[PDB]
Amino acid sequence: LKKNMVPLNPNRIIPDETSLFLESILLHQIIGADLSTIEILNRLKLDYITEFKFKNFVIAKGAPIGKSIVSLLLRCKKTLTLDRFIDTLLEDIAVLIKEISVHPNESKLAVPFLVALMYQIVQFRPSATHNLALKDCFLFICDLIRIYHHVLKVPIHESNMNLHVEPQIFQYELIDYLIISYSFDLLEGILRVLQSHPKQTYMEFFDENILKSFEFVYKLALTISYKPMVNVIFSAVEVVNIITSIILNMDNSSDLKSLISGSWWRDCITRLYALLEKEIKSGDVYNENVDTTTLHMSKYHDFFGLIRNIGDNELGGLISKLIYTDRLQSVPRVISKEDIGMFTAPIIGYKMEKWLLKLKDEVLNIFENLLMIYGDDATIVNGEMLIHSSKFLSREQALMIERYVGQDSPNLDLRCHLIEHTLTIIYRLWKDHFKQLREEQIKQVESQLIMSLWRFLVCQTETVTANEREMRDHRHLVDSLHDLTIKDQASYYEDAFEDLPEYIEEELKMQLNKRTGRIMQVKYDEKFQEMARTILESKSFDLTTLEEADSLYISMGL
Amino acid sequence: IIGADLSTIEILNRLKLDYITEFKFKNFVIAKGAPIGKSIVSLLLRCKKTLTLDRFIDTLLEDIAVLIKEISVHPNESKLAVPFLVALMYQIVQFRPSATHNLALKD
Amino acid sequence: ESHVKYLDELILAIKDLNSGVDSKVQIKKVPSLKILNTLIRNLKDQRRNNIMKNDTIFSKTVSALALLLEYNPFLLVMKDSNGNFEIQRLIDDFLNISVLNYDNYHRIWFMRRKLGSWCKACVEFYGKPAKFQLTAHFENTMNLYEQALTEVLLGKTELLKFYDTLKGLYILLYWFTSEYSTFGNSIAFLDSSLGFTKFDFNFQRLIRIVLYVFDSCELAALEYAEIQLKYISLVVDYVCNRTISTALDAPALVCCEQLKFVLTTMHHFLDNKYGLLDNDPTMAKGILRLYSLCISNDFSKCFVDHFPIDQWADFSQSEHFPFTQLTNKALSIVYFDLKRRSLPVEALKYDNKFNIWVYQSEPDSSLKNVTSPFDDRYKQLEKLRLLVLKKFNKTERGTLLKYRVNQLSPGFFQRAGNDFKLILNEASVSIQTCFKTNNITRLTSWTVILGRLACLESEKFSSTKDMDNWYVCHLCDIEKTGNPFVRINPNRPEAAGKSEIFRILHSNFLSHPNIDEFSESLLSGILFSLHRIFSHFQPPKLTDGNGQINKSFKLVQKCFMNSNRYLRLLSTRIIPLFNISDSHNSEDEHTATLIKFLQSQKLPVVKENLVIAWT
Ligand SMILES: [Zn+2]
């Protein structure tokens, strides 16, 4: 009688999740360092706080700090279940980072590793961490960054008499660069584990204090008059993405939007515009050049960080060479600043272009989100998303056609995805939000909007591709790198790319061909031709008059 | 152990061995100036994921036994790690006596 | 076999209702909806068992349906008025065919890519009222699967409902483990770039739930093991295609946490002996791919900490590792490579037979299955295994131009090679002799080689630089901010005087009597190559006085007013290169020649690049 049902296991080993979390803490190791993070904290003492104690987390004066961490970890494993073990660790390590930070003489070498350890604590089981702990940790990292006031506030240009006679030390600069970078990365991590909670509970996180603190630290990160650290710009726009993404995908959307003042947005969006109008040039990414025009990713902060692997991790060998590894000390091991930098490969510049192009995709992606938040007209969906986005579209087409075609870089495709993306940031702005596109602001970009749409409608002629035989001769010219990519994908990394059945590679000699069309700047996708057509041709606003329009159509044929 | 201020692993974190230039038996690498208890806790974390209990026991028994051995048979080297490794070995043995297979007890 | 002509006429019937001209998208609801009767006639002709298993008449069916939906983006948002648009009706119906084709990797990738075209490249037209009526539909139908997954704990579930529940969860997680290019910002949890999305934590939650189910259940059905290998296939596909995927190196990862999760998940999958099935390559593929991502890069410690392998060893048996001969073979290869890179250099020796480095073997054999050579023809496994064995050789590293000469003249570097004059003479004897008229592709490869080899000639008196360590140009490939024509040198060496490759180029391509018909592609290639030459060298004098446009500026006349826009805007990029010289342009006469040339285009379709050509 019903001999069908799947039988249970009578000895189900539910794994002790706090033990797995303990083991994930104990072998947490940042990428490039020689020792584990707990094994670095075993080699740190603190000789100005004579006795640290918050809630039975006693640290003696000459004692190793990681001894006290592992004593807390062993002592609170027996007692607490997982959601209490998490916020116990969060508040204890937060209080330790706090009184190491606010002190006049004491070195702060433990602080980066404690922040990275805190990040390992947060994102282990995001379903387990209760969000009041996330609120407390977010407020602590925001006022921790406003403690470190001076890392993101170095001036643009120094004195002419700034003599570089100096010990040229890098170790303290390396410490607080790690503090700022791991802090902003922890802000990103707190908000994605808050993003992963069920969608009825976001009001337990947000209040006025969250948004005012992030407003301050966001003005701090996306700087204007100081030298930009690009490591914090990635996370500081990813946080804004997480905010605008959860505003869309929650139910009580008003009590976030009522909690947000419009001044927060019109301070955010101007800095996003000023980020969007910067340039990405591989030959002087890593060079130090003129400010606020090239996203440059400085040589003196080039390491991975917590979430994403952003550089080549040139300063990861110096993280392990910051301590003496056979000694219990407080001051850092001395790193000379001018030894780094040795010249073999500009490929590092290409992948840093890849990250910066994803950054601009991120910025106009959150433009695309907060169009959909404020579908009705407001202070902020206000027509300058024609000006700045059309400037961006027109120039990233123009110097695409002038400079990038035939340059065999891997970053062509994504760079001709951005234009292909930002037309849509035009298009639904044009179609669904015309009521705020004011008559003067459209004439601020009448050149660039119409020229950018015209470089899509020029592709309806299409006497270029028209076959198969010579288009692959074009992709031997412009897109050999993606041929290498798809052969390494086909022979190694894709399940469906073997024993190809004469319909899966006819799809390849469809889609590589439309890809190399989209790279060659002739024959875009037909859908984007339609979206560019129904802005220029459609009669929502006289961009052109009918005797001025056919003056554009004669330069294709028509 | 009763009366000592530090834990036994926390004592072994404070011990190096500067005459065996590199200890290695079965991926239990100890450098020259490295803390010994670092290598014990690295073995403990590494063999927790892999082994079940009766294999974790005799893995620890033979590894700490080989370490006690080549600390012991040496002309110059101090033997300060040996009492704490023997006491740690005793903690390993008598935890679950039903779990320890008796060939490990023979060895 | 009889209904291939029906689809072949039906694609023409769909394309017949295009337009009167070549421009047709028609995004709005036209006042005429008869093709929806064909739409119903497509997907109802798809779920069947007899000859749907034929490859071509299924692929042409789904390509016909994608050509219907591509040229008609209004069909998705036609508001089939239950409560929603009919794209939600399309998702689950399209899911049923994919869940009926779970085992064939072609039939589900080729479906989900065109689903990506249907949601990314088609619901950009609609946005706010329609993005949130499909990004919630995926969340509802995924909430349904993870909800119905947990009642198999309490025992009151069925056995076939368990199967298609797991398979539907597999297909929903497989759609979202693609790259970012398949599903763009169409679905709201896949919105964030930078390899770090809302789906990541939700996905790791779902894989932990399905591992908890696999721990909770107890069943040794053979096809249950078959569908239980699919989750580790999915978790290795989750992390291998978030890679940055550079030129020819192993594709570096974006997030170390995803690698830790995938290694921990498949290690927990192996510990409980889940999914042991004979002659099945899936686990071996996952292990070899994840080790290939972690050969010697920054994640190698991350491989050895979270995927331990040294506790399954069992040297004393021909059954070396416990699982299955493919999985045991792949894991043995991984253990061989870890043990190789562990040992010092003085302990390793070269084979001279398999071209691999190897240690002092054993008192036993222990070396059979690592280089036996490899298995049944699972075509990716043996090249994975060759890469794992051959990345240690530290040979001449792969380079782009060395690839494109080895792709073109294979087996060239069995000689000196990095001597620069012999590759010029080999290119000379191939560029003068070995074509009658047939190389309408090979000569385009030759001119991209002649473009890239011009820079390598320019890097002497730039004496140290070499053929191997030239990845890209420092002037033509990377670029800096500012005025881009400041970087090129006024007193660079002349192209006719010193550069032998322009002698080659003018000897073949610019003195051939049929420049007016090569093809469009060879003209584009000769323009790129001449762009690189004149960006590294001074161009010759455009006019001596005897008429005499110098056989390359004549190509600028031939291409600048040409019919296609691509040759126009490609040939405009060398007009500024003629304007920069000394002892040819010091008293500004090439400038005057280009000025009185640019004043002579009253042709309308040349009005675009002319504005570029002035600027
Ligand atoms: Zn060049």
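Worth pointing out:
- Filter result for the condition that a residue is within 14 Å of chain A (Cβ to nearest Cβ) and not aromatic (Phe, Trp, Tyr), over C:531, C:506: C:531
- Of all residues in the stretch C:483-496, those satisfying the criterion of being away from the ligand (no atom under 14 Å from the Cβ) and within 13 Å of chain A (Cβ to nearest Cβ) are C:483, C:485, C:486.
- Listed by position, the helices (runs of 4 or more DSSP H) contained in the stretch A:422-510 that have at least 3 residues being within 11 Å of chain C (Cβ to nearest Cβ) and surrounded by fewer than 19 Cβ atoms within 10 Å (Cβ to Cβ) are A:480-488.
- One residue stands out in the stretch A:141-184 among those that are touching a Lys or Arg at 6+ places or on another chain (Cβ under 8 Å) and in a helix (DSSP H, G or I): the one that is surrounded by the fewest Cβ atoms within 10 Å (Cβ to Cβ), namely A:173.
- Of all residues in the stretch C:404-425, those satisfying the criterion of being part of a loop (DSSP other than H, G, I, E, B) and closer than 17 Å to residue C:444 by Cα are C:407, C:408, C:409, C:410.
- Conditions (1) within 14 Å of chain A (Cβ to nearest Cβ); (2) within 16 Å of the ligand (Cβ to nearest atom): number failed by residue C:523: (2)
- Counted residues, the stretch B:33-80 - those being farther than 14 Å from residue A:26 by Cα, within 12 Å of chain C (Cβ to nearest Cβ) and assigned to a helix (DSSP H, G or I): 4
- Condition broken by residue C:535, with the remaining ones in (1) closer than 26 Å to residue C:401 by Cα; (2) more than 16 Å from the ligand (Cβ to nearest atom) satisfied: (2)
- The stretch C:215-258 - residue that is charged (D, E, K, R) and more than 9 Å from chain A (Cβ to nearest Cβ) and, of those, farthest from residue C:160 (Cα to Cα): C:242
- Exactly one residue out of C:196, C:189, C:201 is in a loop (DSSP other than H, G, I, E, B) and within 21 Å of residue A:197 (Cα to Cα): that is C:196.
- Filter result (within 13 Å of chain A (Cβ to nearest Cβ) and either polar (S, T, N, Q) or within 15 Å of the ligand (Cβ to nearest atom) (or both)) within the stretch C:557-576: C:562, C:563, C:564, C:571, C:572, C:573, C:574
- Residues of the stretch C:447-482 satisfying the condition of being within 11 Å of the ligand (Cβ to nearest atom) and touching a strand residue (DSSP E or B) at 6+ places or on another chain (Cβ under 6 Å): none
- Checking each residue in the stretch C:589-609 for being at the interface with another protein chain (Cβ under 10 Å from one of its Cβ atoms) and closer than 14 Å to residue C:573 by Cβ picks out C:608, C:609.
- Those residues of the stretch C:538-556 which are away from the ligand (no atom under 16 Å from the Cβ) and outside any loop (DSSP other than H, G, I, E, B), in sequence order: C:553, C:554, C:555, C:556
- Among (1) among the acidic types (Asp, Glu); (2) more than 7 Å from every other protein chain (Cβ to nearest Cβ); (3) surrounded by fewer than 20 Cβ atoms within 10 Å (Cβ to Cβ) - the single one residue A:353 does not satisfy: (3)
- Any hit, the stretch C:503-517, residues being on the phi > 0 side of the Ramachandran plot, more than 15 Å from the ligand (Cβ to nearest atom) and out of contact with any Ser or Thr (no Cβ under 9 Å at 6 or more places or on another chain): no
- Residue that is farthest from residue C:400 (Cα to Cα) [pool: residues in the stretch C:467-500 that are touching a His at 6+ places or on another chain (Cβ under 9 Å) and of a type in the set (A, V, I, L, M)]: C:496
- Filter result (of a type in the set (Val, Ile, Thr), surrounded by fewer than 18 Cβ atoms within 10 Å (Cβ to Cβ) and within 11 Å of chain A (Cβ to nearest Cβ)) within the stretch C:437-476: C:440, C:441
- Residue tally, condition part of a loop (DSSP other than H, G, I, E, B) and within 14 Å of chain B (Cβ to nearest Cβ), over the stretch A:293-343: 6
- The set of residues in the stretch C:485-544 that are in contact with a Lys or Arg (Cβ under 9 Å, 6 or more places away or on another chain) and among the basic types (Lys, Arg) comprises C:487, C:532.
- In this structure, residue C:581 does not satisfy being small (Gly, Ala, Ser) and either within 14 Å of chain A (Cβ to nearest Cβ) or within 16 Å of the ligand (Cβ to nearest atom) (or both).
- Counting only residues that are outside any helix (DSSP H, G or I), charged (D, E, K, R) and within 24 Å of the chain's Cα centre (by Cα), the stretch A:87-137 holds 1 of them.
Here, each number is a calculation from the coordinates, and none is a lab measurement. Using ideal geometry, Cβ is built from the backbone for each residue, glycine included, and neighbour counts are taken over all protein chains shown.
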